[PDB]
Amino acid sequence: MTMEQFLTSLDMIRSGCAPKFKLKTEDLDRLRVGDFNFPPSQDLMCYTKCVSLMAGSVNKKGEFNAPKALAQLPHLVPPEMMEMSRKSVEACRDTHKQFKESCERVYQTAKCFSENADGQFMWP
């Protein structure tokens, strides 16, 4: 996909998940720029789970599926973002094993992606 399509995809992905939760605009804004440096509500964390399920990188138990994530990447991120994402998958493949609850697992993996991003990270 193109970068222009990717940035617009972010809003489309959000629209399919945001209405299911009680969320703060400020919080969503901060996640959009890859800033996970604030305490999340349960709603925000489950929001990140809803996003990842849509992407197909996790199951209902919030377990990160590294090979399918890597199989999916060309359908999720533009070519310019491939290297960074692959590195983030690898660095964060074993993050969900420290957490038991489904929403928290995904959130912590998402947070890991943002921190282990060698560039600008963007969350829907």
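All residue numbers refer to positions in the sequence shown, first residue = 1.
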| item | value |
| --- | --- |
| 66-74 or 24-32, whichever carries the higher mean Cα B-factor | 66-74 |
| Stretch exceeding the other in mean C-alpha B-factor - 113-121, 4-12 | 113-121 |
| For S88, the third of its chain into which the C-alpha B factor falls | highest |
| Chain-relative CA temperature factor third for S52 | middle |
